Amino acid sequence: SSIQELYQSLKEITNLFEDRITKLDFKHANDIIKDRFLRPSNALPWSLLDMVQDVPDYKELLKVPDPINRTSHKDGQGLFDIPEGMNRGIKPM
Amino acid sequence: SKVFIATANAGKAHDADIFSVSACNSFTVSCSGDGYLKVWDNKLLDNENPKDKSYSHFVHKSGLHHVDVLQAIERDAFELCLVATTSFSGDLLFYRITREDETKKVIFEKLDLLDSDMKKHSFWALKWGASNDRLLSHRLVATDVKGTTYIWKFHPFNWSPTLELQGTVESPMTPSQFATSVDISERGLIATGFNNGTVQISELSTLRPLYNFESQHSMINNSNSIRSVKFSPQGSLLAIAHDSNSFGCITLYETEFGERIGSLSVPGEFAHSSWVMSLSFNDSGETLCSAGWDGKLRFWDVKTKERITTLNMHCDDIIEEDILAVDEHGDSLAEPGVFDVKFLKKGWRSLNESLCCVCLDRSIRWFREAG
Amino acid sequence: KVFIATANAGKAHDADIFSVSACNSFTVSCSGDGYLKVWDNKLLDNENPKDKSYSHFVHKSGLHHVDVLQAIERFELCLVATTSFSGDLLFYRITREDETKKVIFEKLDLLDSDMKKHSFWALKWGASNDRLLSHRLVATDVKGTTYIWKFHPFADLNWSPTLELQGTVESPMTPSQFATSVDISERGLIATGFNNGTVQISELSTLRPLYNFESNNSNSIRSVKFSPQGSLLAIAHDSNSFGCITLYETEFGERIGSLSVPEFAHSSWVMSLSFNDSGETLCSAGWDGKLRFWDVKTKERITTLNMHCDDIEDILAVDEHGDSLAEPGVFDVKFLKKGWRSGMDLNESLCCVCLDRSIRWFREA
Amino acid sequence: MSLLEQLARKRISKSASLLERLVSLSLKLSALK
Amino acid sequence: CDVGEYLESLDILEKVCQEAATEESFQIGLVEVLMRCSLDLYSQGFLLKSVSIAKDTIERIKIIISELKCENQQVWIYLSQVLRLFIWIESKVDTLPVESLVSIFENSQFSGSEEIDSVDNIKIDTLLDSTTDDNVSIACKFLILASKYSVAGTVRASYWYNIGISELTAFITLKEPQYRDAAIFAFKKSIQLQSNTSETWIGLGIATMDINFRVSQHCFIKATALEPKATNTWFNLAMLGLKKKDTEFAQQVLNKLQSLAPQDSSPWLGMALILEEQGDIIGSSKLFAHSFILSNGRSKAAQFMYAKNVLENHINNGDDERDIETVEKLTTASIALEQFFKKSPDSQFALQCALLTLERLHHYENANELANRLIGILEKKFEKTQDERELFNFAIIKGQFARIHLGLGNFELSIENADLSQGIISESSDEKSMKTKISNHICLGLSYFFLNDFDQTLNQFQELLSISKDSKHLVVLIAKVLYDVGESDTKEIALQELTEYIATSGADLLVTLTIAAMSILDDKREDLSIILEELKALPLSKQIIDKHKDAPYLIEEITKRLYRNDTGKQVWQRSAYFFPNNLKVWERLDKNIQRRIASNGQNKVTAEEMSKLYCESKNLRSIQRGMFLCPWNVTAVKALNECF
């Protein structure tokens, strides 16, 4: 029932279009049940990984300015404290 | 932002699904599952029915799923035109296309180019390679169901065509897989795609492997299958259309160093909601068109990896007597899927670029770029 | 307020009883064994209901939806439409034998070969009121499309039935969803519910959508109902293994309020809804085995009936795991108008099909 | 054998009761010195 | 060059330079075009070609400096720009031409200013005399040295700004205070010569985010004042506010940035972090996905955050292997992390996340390499610093690596690694080590099972596992192994264990399903009736959770095996009534409905399943379509063969 044998069988077909109907008919249950429910597997299922697996710098999100080639409103102790279009500034918490 | 507008349609062109389309300067050809090769004239006047300038030929009962055309000026005056198709039974067939001066009708003349031994293989894909100063002769490549690739050299000569087998390339894995795709580059490279998500690059001159890409992270055995491989006409880029389970993805690779550049996605990284069926580059190679099972044509900018525009297919876009809104079982064809798509050069469909696609409603549609 | 049992038929079907419907002459039930059963309403003072019962095998895959249309044309018309698990919309004509009162079923072929290739799920008959000249039938398919027909009993009094398709209404969302419930209003409105909690209201006059709604594991819409008089839409939808009821005003689509008991109405899913003739009382069938009656204006519970104990403080009690302490129950419920059922006449009636494969009848005292 | 591995090797119910009966750059720089 | 074409310009310049290899300008222009091409390739995403062009540029620069004996600021700036490519593409940092670089740095005649060298401590002699120095540190030192040799105050200001930028890059990459101090010194020197620069202010503000929030806030305001049409300074302000735990300020700034300049992934990433801080999970996940999608592949922070979020959301969620969407998300996370490793390898957190993701995806071949790299990293870290706390992490990674070998079929290696991990963790007494102990016991038991079928030590390890914890899935696994042994006593003990779990704890579906399967396979017609009556009384919640319909399947099997009639379709009818939009339900009832339910995106289906649905229409057109979808499907080819 190998695919190569089936393809070799196809090669025996020799010469208006017709929509023909196939003649194919569309133990086994025991094998399916054993595979689904009672077969220990080499690879651990997600249920056991759910039990044995444990999950493990702001300067990295910024952009450093590029090099430059030139050849070919309020205040406080001298420091700005409020940005433009804003009303508070910064307050650590 | 490019704009594409419909120019000609033809509904119910074939009696079954149209799986592939190919075009040349003189005409466009399509193949379908009903076993017919249909020729559509490119030199069609405005406001003329494409079906009037049509010619048909019966090839095989099992049906056809691939087609390609090779047209060239071989001698100073000789005209060459060949069509190669693979059937559902696994046969590779060749035909010659000629015309009369009396009535300009197309003549189909069968060619026997394969030897006895080569006829026992089941072929799936095919592709033509024209001579454009890379080598003196034309070439034909094809893949079989056992994972092997075949390379031929075609000699037109007195009319005596011969196919000389240059060699074969076997699959890089054991057990062998299914070779679903193949392509040829101008620089002389061969790309073959497999059903497990593996694509292999080999040299045309020496027939030796160079790269072996894997794009799959699979728990299901064949949930990552490669559907289309396309080489960029100008650069060293390769486009891979593969399957993510329930999705369609396009990945870009560079063939000079063998690196994964990135993926195409619209706002995971997925290009189409359903599986991507076909890919096509334009003449410049700066635009890529993808056909999807979701019934859309999407155009991408290759340089910026960004989508440019989208075309939606409707069954009502067709002559009202050639509209197929329901198939033989009763399913709705309101937004039919697209099987194949192809770019046409300027001056072929009479300037600017043109485009053709075949959809799930047994319709063939032509579009042209505005501007 | 108090409801008293009148008749009870146990082990009526050989599978699940999914739907029930009634008219002035009989109550009709459908089951998963593919049978239609007709129960004569004009029962005696004390008689076993199975004596007046008639069965008919319809389809091998079973049946889950049923509805009956009764009207006087000019002639007595009684027509039953049912839906099969295979997706077939089937029509039967109900007649009575003159001599022996035996019930005769006649199958009708109203759909052409093109229309018989769809998969239908829900259906609903639209009676001819003062606003509507002809009877109408609405049905939904597994792809979310709603179909509207017109029924013509006569030709050009010759009996020649004909179903004329007015048009279709597409689902309001892409990708489409499963259309699970449908209803038609006497004023000319159509409501359609979907499996994701969306309700769409369209117009019968011109067949275009009016507006849309949105109502966590399960969120399916189980039943959409229109008030017999006035502008009111009642929707039964699922919480996570819980039942909810919400009311909408149905002119511009404004939420009015929900029905709740100590915001859920039932411990399990709410299976069906049914307004009475006046529209002032609403009954709910739940998968916890109870029927709850509500006051529409007050939005407060009136009474509760238990299908597991005849003897009749009401809370939604659940165990440690979160499951209801009450066992599974009613599939479907339906009000029967005054005078429909013969007995000791001037009171509303009720019908109920349960998981025990039994059908129960109640009368208000 | 790694230092960690050497150090580690130098340092070194009713349910159950029912079962009873059964790198390069530095090297290059040094070499070129 | 300035418009996009480099190949033609490169060919023109190479042809020009061949017969005129005596003029400085020709080679300098060739170097400039090569550098710009390499940077454009890096921006496009051609990393290997970028490093190749960078190596060629460095060789040409060596030729210029040594053979031609020429010097200029432009060539040094070009070299500094080229050297950044090796640091950015850290996966290829070992291809740095150290010989050419040292020859170039030795052939120059440099005066030397000690003002910056006192804090920098970076010199040619110190770089040459290096012992146990990482590749990245050497690359950063070479970048700083290249920036330092480029010797009204405009040029001096640019020179100091370049030095400060290089020192900031080294400080961010290596995380050492001396580089930060040197960067601050260089920026202070640069500002004193030309204040209206708008980029030395940004660098100064980044350099002092942690030292002082007031100084860092004075910057990013002057920078905005000197140049208002930029979104980077506002993002820096938002990040500074987020570092100082000021959520409202950062949220307001990020909302302003989103309104003004959409299609930029950085504000979305910042808002994702903000919402994650506030305890919101769903909105943070949506923002992370949006930020990942918007950036294509130009941001690795977005890739890392998306992968981490996906792993966090699907690590104890009770998922099933048959969930197609979860597999899609895990595959996307794996690909994103694979692209992340081309620029930032040797990161422990990302490596552990990738190992977990690959373990859940059953990709053990790549997990082996990742685990080997992680083990090497841990060993090198212990060699550098001899803290003994590394043993615990070492043992946990050993347990991971033992789990990896089990899936590859290497049972002896699993036994070895699990024994080592158990030996280290034997003290334990911590909840973190309990999972590792359970994992080691499971691995040892299964390895002893599959290795020559040796059962005594298997039983000992399963006894230890049961003593450590009495869980549902552990009991199911033990029962499965005992049943697979095949002896009568083992089957009896497995059934008894399952029944005692049912008695001791509450009722369950998985244990009931296993008992049903054992009864069916052994054909115990006495217990089958009780199993059937227990399976037909499931509550509604358990039916909602059972979205793959195992219970109706087993109910139908038992019904058809016992009563020998077609009664098993009633459970499927009720499941269809309750869940009409489920693909698994309609298989036994109607195939036309099943085909339409998964056609136009109504349900998520794979190509193989769609091909199977097409071929079941039993006509030539549908069979041809299904075979076109999956030509390797045996049933499609059989149907096509039987058509003729």
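By the numbers in Swiss-Prot, the shown part of chain B spans 2-158, 168-277, 286-336, 338-369, 375-395.
Each Cβ is built from the backbone N, Cα and C atoms, and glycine gets one as well.
Under the heading repeat 'WD 1', Swiss-Prot lists B:21-42. Residues or ranges marked as repeat 'WD 2' in Swiss-Prot: B:67-101. The repeat 'WD 3' annotation in Swiss-Prot covers B:126-157. Taken from Swiss-Prot, the feature repeat 'WD 4' applies to B:191-213. For B:238-264, the entry in Swiss-Prot reads repeat 'WD 5'. According to Swiss-Prot, the feature repeat 'WD 6' maps to B:296-319.
Here the repeat 'WD 6' (B:296-319) has long-range neighbours at 3, 5, 237-238, 240, 242-245, 247, 249, 251, 258, 260, 274, 276, 289-290, 325-331, 354-362, 364-365, 377, 379, 381, 383-384, meaning same-chain residues at least 6 beyond its ends whose C-beta is under 8 angstroms from one of its own. Within the same chain, residues 191-197, 199, 201-203, 207, 209, 211, 223, 225-226, 230, 270-274, 286-299, 301-303, 306, 308, 310-312, 318, 320, 323 sit at least 6 positions outside the repeat 'WD 5' (B:238-264) and bring their C-beta atoms closer than 8 Å to a C-beta of that stretch. DSSP states for the repeat 'WD 5' (B:238-264), grouped as helix (H, G, I), strand (E, B) and coil, give 0 helix, 20 strand, 7 coil. Spanning 9 unmodelled residues, the straight-line distance from the Cα of B:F158 to the Cα of B:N168 measures 6 Å. Flanking an unmodelled stretch of 8 residues, B:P277 and B:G286 have Cα atoms 10 Å from one another.
Chain tracing stops at B:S369 and picks up again at B:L375, leaving 5 residues unmodelled; the C-alpha atoms of these two are 8 Å apart. Across the range of the repeat 'WD 6' (B:296-319), the DSSP-based residue counts are 0 helix, 16 strand, 8 coil. Within the repeat 'WD 3' (B:126-157), the DSSP-based counts of helix, strand and coil residues read 0 helix, 19 strand, 13 coil.
Per DSSP, the repeat 'WD 1' (B:21-42) is made up of 0 helix, 16 strand, 6 coil.
With helix defined as DSSP H, G or I and strand as E or B, the repeat 'WD 2' (B:67-101) counts 0 helix, 25 strand, 10 coil.
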